[PDB]
file my_file_23.csv (CSV, C-alpha atoms and all ligand atoms)
chain,number,residue,atom,x,y,z
A,1,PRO,CA,-28.8,5.7,-24.8
A,2,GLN,CA,-25.7,5.2,-26.9
A,3,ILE,CA,-22.7,7.1,-25.7
A,4,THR,CA,-19.7,7.9,-27.8
A,5,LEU,CA,-16.2,8.3,-26.3
A,6,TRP,CA,-14.9,11.6,-27.8
A,7,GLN,CA,-15.5,13.0,-24.3
A,8,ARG,CA,-15.3,11.3,-20.8
A,9,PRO,CA,-18.5,9.2,-20.4
A,10,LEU,CA,-19.9,11.1,-17.4
A,11,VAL,CA,-23.4,10.4,-16.1
A,12,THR,CA,-25.5,11.7,-13.3
A,13,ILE,CA,-25.9,9.3,-10.3
A,14,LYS,CA,-28.1,9.5,-7.2
A,15,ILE,CA,-26.8,7.6,-4.1
A,16,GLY,CA,-27.4,8.1,-0.4
A,17,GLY,CA,-29.9,10.8,-1.2
A,18,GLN,CA,-27.2,12.8,-3.0
A,19,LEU,CA,-26.6,13.8,-6.6
A,20,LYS,CA,-23.1,13.2,-8.1
A,21,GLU,CA,-21.4,12.8,-11.5
A,22,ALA,CA,-19.5,9.6,-12.3
A,23,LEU,CA,-17.5,8.1,-15.1
A,24,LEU,CA,-18.8,5.0,-16.8
A,25,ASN,CA,-15.7,2.9,-16.5
A,26,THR,CA,-15.3,-0.5,-18.3
A,27,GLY,CA,-11.7,-0.7,-17.0
A,28,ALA,CA,-13.0,-0.9,-13.4
A,29,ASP,CA,-14.2,-4.1,-11.9
A,30,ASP,CA,-15.6,-2.4,-8.9
A,31,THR,CA,-17.4,1.0,-8.3
A,32,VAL,CA,-15.4,3.6,-6.4
A,33,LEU,CA,-16.8,6.9,-5.2
A,34,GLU,CA,-15.0,9.9,-3.6
A,35,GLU,CA,-15.5,10.4,0.1
A,36,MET,CA,-19.2,10.8,0.8
A,37,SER,CA,-21.6,10.3,3.7
A,38,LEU,CA,-23.2,6.8,3.4
A,39,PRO,CA,-25.4,5.4,6.2
A,40,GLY,CA,-24.8,1.6,6.7
A,41,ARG,CA,-22.0,-0.5,8.1
A,42,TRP,CA,-18.8,-0.9,6.0
A,43,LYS,CA,-15.7,-3.1,5.7
A,44,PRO,CA,-12.1,-2.2,5.2
A,45,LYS,CA,-10.7,-3.0,1.7
A,46,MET,CA,-7.6,-2.1,-0.2
A,47,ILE,CA,-7.7,-1.6,-4.0
A,48,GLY,CA,-5.0,-1.3,-6.6
A,49,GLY,CA,-4.9,1.0,-9.6
A,50,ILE,CA,-2.3,2.5,-11.9
A,51,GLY,CA,-0.1,4.3,-9.3
A,52,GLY,CA,-0.4,2.1,-6.3
A,53,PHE,CA,-3.1,1.4,-3.7
A,54,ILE,CA,-5.8,3.1,-1.7
A,55,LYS,CA,-7.8,2.2,1.4
A,56,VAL,CA,-11.6,2.3,0.9
A,57,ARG,CA,-14.7,1.4,2.8
A,58,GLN,CA,-16.9,-1.4,1.3
A,59,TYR,CA,-20.7,-0.9,1.3
A,60,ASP,CA,-22.8,-3.8,0.1
A,61,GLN,CA,-26.3,-3.7,-1.2
A,62,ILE,CA,-26.3,0.0,-1.9
A,63,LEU,CA,-29.0,1.5,-4.1
A,64,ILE,CA,-27.7,3.7,-6.8
A,65,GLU,CA,-29.4,5.4,-9.8
A,66,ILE,CA,-27.2,5.7,-12.8
A,67,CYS,CA,-28.4,7.9,-15.6
A,68,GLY,CA,-32.0,7.0,-14.5
A,69,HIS,CA,-31.4,3.3,-14.1
A,70,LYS,CA,-31.6,1.8,-10.6
A,71,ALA,CA,-29.0,-0.8,-9.5
A,72,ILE,CA,-28.2,-2.4,-6.2
A,73,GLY,CA,-24.7,-3.5,-5.4
A,74,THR,CA,-21.3,-2.9,-3.8
A,75,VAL,CA,-19.9,0.6,-3.7
A,76,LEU,CA,-16.4,1.4,-2.5
A,77,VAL,CA,-15.8,4.7,-0.9
A,78,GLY,CA,-12.4,6.4,-0.6
A,79,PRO,CA,-9.7,8.7,-2.0
A,80,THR,CA,-10.3,8.0,-5.7
A,81,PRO,CA,-9.6,11.1,-7.9
A,82,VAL,CA,-12.9,10.6,-9.8
A,83,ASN,CA,-16.2,8.8,-9.1
A,84,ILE,CA,-16.1,5.7,-11.3
A,85,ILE,CA,-19.0,3.3,-12.1
A,86,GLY,CA,-17.5,-0.2,-12.6
A,87,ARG,CA,-18.6,-3.4,-14.4
A,88,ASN,CA,-20.4,-4.7,-11.2
A,89,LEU,CA,-23.0,-2.0,-11.7
A,90,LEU,CA,-22.7,-1.5,-15.5
A,91,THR,CA,-24.0,-5.1,-16.1
A,92,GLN,CA,-27.1,-4.2,-14.0
A,93,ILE,CA,-28.1,-1.3,-16.3
A,94,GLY,CA,-27.4,-3.5,-19.3
A,95,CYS,CA,-24.5,-1.5,-20.5
A,96,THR,CA,-22.2,-2.8,-23.3
A,97,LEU,CA,-19.4,-1.8,-25.7
A,98,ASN,CA,-21.8,-3.2,-28.3
A,99,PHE,CA,-23.1,-2.6,-31.7
B,1,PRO,CA,-18.9,-6.7,-32.3
B,2,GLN,CA,-21.0,-6.3,-29.2
B,3,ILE,CA,-19.2,-6.8,-25.9
B,4,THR,CA,-21.0,-7.2,-22.6
B,5,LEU,CA,-19.3,-6.5,-19.2
B,6,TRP,CA,-19.9,-9.6,-17.1
B,7,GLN,CA,-16.2,-10.2,-17.7
B,8,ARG,CA,-13.3,-7.8,-18.3
B,9,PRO,CA,-13.5,-6.6,-21.9
B,10,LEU,CA,-10.2,-8.0,-23.1
B,11,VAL,CA,-9.2,-7.9,-26.7
B,12,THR,CA,-6.2,-9.0,-28.8
B,13,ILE,CA,-3.9,-6.2,-30.0
B,14,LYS,CA,-1.0,-6.1,-32.3
B,15,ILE,CA,1.6,-3.4,-31.8
B,16,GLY,CA,5.3,-3.1,-32.7
B,17,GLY,CA,5.1,-6.5,-34.4
B,18,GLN,CA,4.0,-8.1,-31.1
B,19,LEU,CA,0.7,-9.7,-30.0
B,20,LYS,CA,-0.8,-8.7,-26.6
B,21,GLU,CA,-4.1,-8.6,-24.7
B,22,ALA,CA,-5.5,-5.3,-23.5
B,23,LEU,CA,-8.5,-4.0,-21.6
B,24,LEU,CA,-11.0,-1.8,-23.5
B,25,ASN,CA,-11.1,1.0,-21.0
B,26,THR,CA,-13.7,3.8,-21.1
B,27,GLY,CA,-12.3,5.2,-17.9
B,28,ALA,CA,-9.0,5.9,-19.5
B,29,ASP,CA,-8.3,9.0,-21.6
B,30,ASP,CA,-5.0,7.6,-22.8
B,31,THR,CA,-3.7,4.2,-23.8
B,32,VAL,CA,-1.1,2.7,-21.4
B,33,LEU,CA,0.8,-0.5,-22.2
B,34,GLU,CA,3.1,-2.5,-19.9
B,35,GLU,CA,6.8,-2.3,-20.6
B,36,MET,CA,7.5,-3.5,-24.2
B,37,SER,CA,10.0,-2.8,-26.9
B,38,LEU,CA,8.7,0.0,-29.2
B,39,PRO,CA,10.5,1.5,-32.1
B,40,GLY,CA,11.9,5.0,-32.0
B,41,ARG,CA,11.7,8.3,-30.2
B,42,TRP,CA,9.6,9.1,-27.1
B,43,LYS,CA,9.0,11.7,-24.4
B,44,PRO,CA,8.8,11.5,-20.6
B,45,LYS,CA,5.3,11.8,-19.2
B,46,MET,CA,3.8,11.4,-15.7
B,47,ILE,CA,0.3,10.0,-15.5
B,48,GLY,CA,-2.0,9.6,-12.5
B,49,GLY,CA,-4.5,7.0,-11.5
B,50,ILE,CA,-6.2,5.6,-8.4
B,51,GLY,CA,-3.2,5.1,-6.2
B,52,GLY,CA,-0.8,7.8,-7.3
B,53,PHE,CA,1.4,8.4,-10.3
B,54,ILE,CA,3.7,6.5,-12.7
B,55,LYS,CA,6.3,7.6,-15.2
B,56,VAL,CA,5.7,6.5,-18.8
B,57,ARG,CA,7.3,6.9,-22.2
B,58,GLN,CA,5.0,8.7,-24.7
B,59,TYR,CA,5.1,7.4,-28.3
B,60,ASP,CA,3.2,9.3,-30.9
B,61,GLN,CA,1.7,8.1,-34.3
B,62,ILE,CA,2.0,4.4,-33.3
B,63,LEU,CA,0.1,1.9,-35.4
B,64,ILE,CA,-2.0,-0.5,-33.3
B,65,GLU,CA,-4.4,-3.2,-34.3
B,66,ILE,CA,-7.3,-3.6,-31.8
B,67,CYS,CA,-9.5,-6.6,-32.3
B,68,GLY,CA,-8.8,-6.4,-36.1
B,69,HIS,CA,-9.3,-2.6,-36.2
B,70,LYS,CA,-6.3,-0.5,-37.2
B,71,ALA,CA,-5.7,2.8,-35.4
B,72,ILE,CA,-2.8,5.2,-35.2
B,73,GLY,CA,-2.2,7.3,-32.2
B,74,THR,CA,-0.3,8.0,-28.9
B,75,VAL,CA,0.6,5.0,-26.8
B,76,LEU,CA,2.1,5.4,-23.3
B,77,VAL,CA,4.5,2.7,-22.1
B,78,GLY,CA,5.3,2.1,-18.4
B,79,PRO,CA,4.6,0.2,-15.2
B,80,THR,CA,0.8,-0.1,-15.6
B,81,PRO,CA,-0.5,-3.4,-14.0
B,82,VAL,CA,-2.7,-4.0,-17.1
B,83,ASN,CA,-2.5,-3.1,-20.7
B,84,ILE,CA,-5.3,-0.6,-21.2
B,85,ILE,CA,-6.8,0.8,-24.4
B,86,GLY,CA,-8.1,4.3,-23.7
B,87,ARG,CA,-10.6,6.7,-25.4
B,88,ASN,CA,-8.0,8.2,-27.7
B,89,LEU,CA,-7.9,4.9,-29.6
B,90,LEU,CA,-11.5,3.7,-28.8
B,91,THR,CA,-13.0,6.6,-30.8
B,92,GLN,CA,-10.9,5.5,-33.8
B,93,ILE,CA,-12.4,2.0,-34.0
B,94,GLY,CA,-15.9,3.5,-33.5
B,95,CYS,CA,-16.4,2.0,-30.1
B,96,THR,CA,-19.5,3.1,-28.1
B,97,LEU,CA,-21.2,2.5,-24.8
B,98,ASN,CA,-24.9,1.5,-24.9
B,99,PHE,CA,-27.6,0.8,-22.4
C,1,LIG,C1,-10.9,-3.0,-7.1
C,1,LIG,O1,-11.6,-2.4,-8.0
C,1,LIG,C2,-11.0,-1.4,-8.8
C,1,LIG,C3,-9.7,-1.7,-9.2
C,1,LIG,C4,-9.0,-0.7,-9.9
C,1,LIG,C5,-9.6,0.4,-10.3
C,1,LIG,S1,-8.7,1.6,-11.3
C,1,LIG,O2,-9.4,2.9,-11.2
C,1,LIG,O3,-7.5,2.0,-10.6
C,1,LIG,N1,-8.6,1.1,-12.9
C,1,LIG,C6,-8.1,-0.3,-13.1
C,1,LIG,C7,-7.2,-0.4,-14.3
C,1,LIG,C8,-5.9,0.4,-14.0
C,1,LIG,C9,-6.8,-1.8,-14.6
C,1,LIG,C10,-9.7,1.6,-13.8
C,1,LIG,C11,-9.1,2.6,-14.8
C,1,LIG,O4,-10.1,2.9,-15.7
C,1,LIG,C12,-8.7,4.0,-14.2
C,1,LIG,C13,-9.9,4.7,-13.6
C,1,LIG,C14,-9.6,6.1,-13.2
C,1,LIG,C15,-8.8,6.3,-12.1
C,1,LIG,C16,-8.5,7.6,-11.7
C,1,LIG,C17,-8.9,8.7,-12.5
C,1,LIG,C18,-9.7,8.5,-13.6
C,1,LIG,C19,-10.0,7.2,-14.0
C,1,LIG,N2,-8.2,4.8,-15.2
C,1,LIG,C20,-6.8,5.2,-15.1
C,1,LIG,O5,-6.1,5.0,-14.1
C,1,LIG,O6,-6.4,6.1,-16.1
C,1,LIG,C21,-5.1,6.7,-16.2
C,1,LIG,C22,-4.4,6.1,-17.4
C,1,LIG,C23,-5.2,6.4,-18.6
C,1,LIG,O7,-5.2,7.8,-18.8
C,1,LIG,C24,-5.7,8.5,-17.8
C,1,LIG,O8,-7.1,8.4,-17.8
C,1,LIG,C25,-7.4,9.0,-16.6
C,1,LIG,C26,-6.3,8.8,-15.7
C,1,LIG,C27,-5.2,8.2,-16.5
C,1,LIG,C28,-11.0,0.7,-10.0
C,1,LIG,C29,-11.6,-0.3,-9.2

call {"tool": "encode", "arguments": {"input": "my_file_23.csv", "output": "structure tokens", "more": "lines below"}}
Ligand SMILES: COc1ccc(S(=O)(=O)N(CC(C)C)C[C@@H](O)[C@H](Cc2ccccc2)NC(=O)O[C@H]2CCO[C@H]3OCC[C@H]32)cc1
result
Amino acid sequence: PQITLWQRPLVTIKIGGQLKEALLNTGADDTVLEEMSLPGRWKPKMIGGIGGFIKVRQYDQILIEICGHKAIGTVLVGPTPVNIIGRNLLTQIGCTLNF
Amino acid sequence: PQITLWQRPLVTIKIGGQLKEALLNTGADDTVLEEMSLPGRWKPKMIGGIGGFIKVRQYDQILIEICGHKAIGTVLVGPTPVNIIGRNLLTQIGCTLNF
């Protein structure tokens, strides 16, 4: 679909068997989800945003459905205030800022 | 134009007579620019992102040129790590997400 930006670009995602809402975020290199129960092994990572840094867990090769489009990639899990879908997954669903 | 997301969606802006680069940021409600010299009155504001909060100066009715598109609106100025163009200005230049 085409999505305009008068409101937050929120979409429905399915990940780890669970349904969540997340913001399509072109300003985010990586994908960051609030604390959730994911199955696999993870690695420590620290990521920086506008007000400082947070500790997250890095999960690779995670299947996520984003507004009906399947993608597999890295998902970071930790104390983000909002679920954000970053460019790493946006490119997979063919998302652009486009005409 | 169309912009894909394999790389950061950086564009050239002109504001306050100065040229800068900024990230087109669908995950940002507001526009936040790094410390710069901007004409006139402003108000204190506190904004939150991934790692906490920063203090910014809020300037209203500011003319900004974003990739050759003129817009007028609120620009926040403060210790953001990256110049970010948020939805407040993205809607003015007719910018959409598509996939
Ligand atoms: C390592 O991978 C990363 C590295 C960094 C990030 S990020 O989230 O911190 N960030 C990078 C940017 C600052 C360069 C993306 C950015 O879009 C961020 C995403 C976000 C975070 C928290 C709440 C809502 C939205 N937006 C942001 O901080 O917005 C501020 C400023 C603009 O106005 C408001 O809009 C809502 C909150 C407030 C993600 C993955």

call {"tool": "closest_residue", "arguments": {"input": "my_file_23.csv", "among": "B:91, B:31, B:61, B:12", "to": "ligand LIG 1 (chain C)", "atoms": "only C-alpha atoms and all ligand atoms"}}
result
B:31

call {"tool": "interface_residues", "arguments": {"input": "my_file_23.csv", "of": "chain A", "to": "chain B", "cutoff": "8 Å", "atoms": "only C-alpha atoms", "output": "PyMOL selection string"}}
result
chain A and resi 1-6+8-9+23-29+48-54+79-81+84+87-88+90-91+93-99

call {"tool": "closest_residue", "arguments": {"input": "my_file_23.csv", "among": "B:60, B:68, B:38, B:30", "to": "ligand LIG 1 (chain C)", "atoms": "all atoms listed in the file"}}
result
B:30

call {"tool": "atom_distance", "arguments": {"input": "my_file_23.csv", "atom1": "atom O1 of ligand LIG 1 (chain C)", "atom2": "atom CA of residue B:74"}}
result
25.9 Å

call {"tool": "atom_distance", "arguments": {"input": "my_file_23.csv", "atom1": "atom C11 of ligand LIG 1 (chain C)", "atom2": "atom CA of residue B:76"}}
result
14.3 Å

call {"tool": "residues_around", "arguments": {"input": "my_file_23.csv", "residues": "residue A:42", "least_positions_apart": "3", "cutoff": "10 Å", "atoms": "all atoms listed in the file", "output": "ChimeraX atom specification"}}
result
/A:38-39,45,56-60,75-77

call {"tool": "atom_distance", "arguments": {"input": "my_file_23.csv", "atom1": "atom CA of residue B:62", "atom2": "atom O3 of ligand LIG 1 (chain C)"}}
result
24.7 Å

call {"tool": "closest_residue", "arguments": {"input": "my_file_23.csv", "among": "A:78, A:83, A:37, A:69", "to": "residue A:20", "atoms": "all atoms listed in the file"}}
result
A:83

call {"tool": "closest_residue", "arguments": {"input": "my_file_23.csv", "among": "B:36, B:46, B:72, B:11", "to": "ligand LIG 1 (chain C)", "atoms": "all atoms listed in the file"}}
result
B:46

call {"tool": "decode", "arguments": {"input": "my_file_23.csv", "residues": "stretch 8-28 of chain B", "atoms": "N, CA and C atoms", "output": "PDB file, in the first residue's frame"}}
result
ATOM      1  N   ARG B   8      20.807   5.015   4.412  1.00  0.00           N
ATOM      2  CA  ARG B   8      20.077   6.093   5.096  1.00  0.00           C
ATOM      3  C   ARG B   8      19.506   7.082   4.081  1.00  0.00           C
ATOM      4  N   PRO B   9      18.230   7.454   4.248  1.00  0.00           N
ATOM      5  CA  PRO B   9      17.633   8.417   3.322  1.00  0.00           C
ATOM      6  C   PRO B   9      18.022   9.841   3.693  1.00  0.00           C
ATOM      7  N   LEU B  10      19.234  10.215   3.306  1.00  0.00           N
ATOM      8  CA  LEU B  10      19.767  11.540   3.618  1.00  0.00           C
ATOM      9  C   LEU B  10      19.490  12.492   2.478  1.00  0.00           C
ATOM     10  N   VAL B  11      19.106  13.720   2.822  1.00  0.00           N
ATOM     11  CA  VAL B  11      18.846  14.733   1.817  1.00  0.00           C
ATOM     12  C   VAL B  11      19.523  16.026   2.216  1.00  0.00           C
ATOM     13  N   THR B  12      19.650  16.920   1.245  1.00  0.00           N
ATOM     14  CA  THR B  12      20.216  18.225   1.523  1.00  0.00           C
ATOM     15  C   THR B  12      19.093  19.165   1.979  1.00  0.00           C
ATOM     16  N   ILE B  13      19.325  19.917   3.047  1.00  0.00           N
ATOM     17  CA  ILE B  13      18.359  20.929   3.454  1.00  0.00           C
ATOM     18  C   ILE B  13      19.033  22.289   3.467  1.00  0.00           C
ATOM     19  N   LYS B  14      18.236  23.341   3.320  1.00  0.00           N
ATOM     20  CA  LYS B  14      18.721  24.697   3.532  1.00  0.00           C
ATOM     21  C   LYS B  14      17.814  25.319   4.584  1.00  0.00           C
ATOM     22  N   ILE B  15      18.427  25.854   5.626  1.00  0.00           N
ATOM     23  CA  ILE B  15      17.682  26.453   6.724  1.00  0.00           C
ATOM     24  C   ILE B  15      18.551  27.534   7.351  1.00  0.00           C
ATOM     25  N   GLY B  16      17.954  28.695   7.629  1.00  0.00           N
ATOM     26  CA  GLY B  16      18.664  29.782   8.291  1.00  0.00           C
ATOM     27  C   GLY B  16      19.859  30.233   7.471  1.00  0.00           C
ATOM     28  N   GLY B  17      19.723  30.146   6.148  1.00  0.00           N
ATOM     29  CA  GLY B  17      20.798  30.497   5.236  1.00  0.00           C
ATOM     30  C   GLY B  17      21.942  29.482   5.116  1.00  0.00           C
ATOM     31  N   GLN B  18      21.810  28.334   5.786  1.00  0.00           N
ATOM     32  CA  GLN B  18      22.876  27.335   5.861  1.00  0.00           C
ATOM     33  C   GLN B  18      22.501  26.018   5.205  1.00  0.00           C
ATOM     34  N   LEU B  19      23.493  25.349   4.631  1.00  0.00           N
ATOM     35  CA  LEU B  19      23.256  24.052   4.023  1.00  0.00           C
ATOM     36  C   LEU B  19      23.640  22.922   4.954  1.00  0.00           C
ATOM     37  N   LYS B  20      22.751  21.939   5.073  1.00  0.00           N
ATOM     38  CA  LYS B  20      22.990  20.778   5.924  1.00  0.00           C
ATOM     39  C   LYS B  20      22.417  19.517   5.307  1.00  0.00           C
ATOM     40  N   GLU B  21      22.843  18.372   5.843  1.00  0.00           N
ATOM     41  CA  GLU B  21      22.250  17.083   5.490  1.00  0.00           C
ATOM     42  C   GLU B  21      21.367  16.591   6.625  1.00  0.00           C
ATOM     43  N   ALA B  22      20.261  15.962   6.267  1.00  0.00           N
ATOM     44  CA  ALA B  22      19.327  15.465   7.280  1.00  0.00           C
ATOM     45  C   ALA B  22      18.687  14.166   6.825  1.00  0.00           C
ATOM     46  N   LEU B  23      18.238  13.386   7.801  1.00  0.00           N
ATOM     47  CA  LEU B  23      17.681  12.069   7.556  1.00  0.00           C
ATOM     48  C   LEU B  23      16.171  12.201   7.453  1.00  0.00           C
ATOM     49  N   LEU B  24      15.574  11.697   6.368  1.00  0.00           N
ATOM     50  CA  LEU B  24      14.111  11.669   6.271  1.00  0.00           C
ATOM     51  C   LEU B  24      13.619  10.587   7.245  1.00  0.00           C
ATOM     52  N   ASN B  25      12.855  11.005   8.245  1.00  0.00           N
ATOM     53  CA  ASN B  25      12.603  10.138   9.390  1.00  0.00           C
ATOM     54  C   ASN B  25      11.121   9.928   9.693  1.00  0.00           C
ATOM     55  N   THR B  26      10.566   8.835   9.192  1.00  0.00           N
ATOM     56  CA  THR B  26       9.135   8.564   9.386  1.00  0.00           C
ATOM     57  C   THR B  26       8.832   8.202  10.834  1.00  0.00           C
ATOM     58  N   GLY B  27       9.881   7.888  11.596  1.00  0.00           N
ATOM     59  CA  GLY B  27       9.732   7.481  12.984  1.00  0.00           C
ATOM     60  C   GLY B  27       9.776   8.664  13.926  1.00  0.00           C
ATOM     61  N   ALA B  28       9.831   9.862  13.346  1.00  0.00           N
ATOM     62  CA  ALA B  28       9.958  11.094  14.114  1.00  0.00           C
ATOM     63  C   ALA B  28       8.730  11.988  13.891  1.00  0.00           C
TER      64      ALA B  28
END
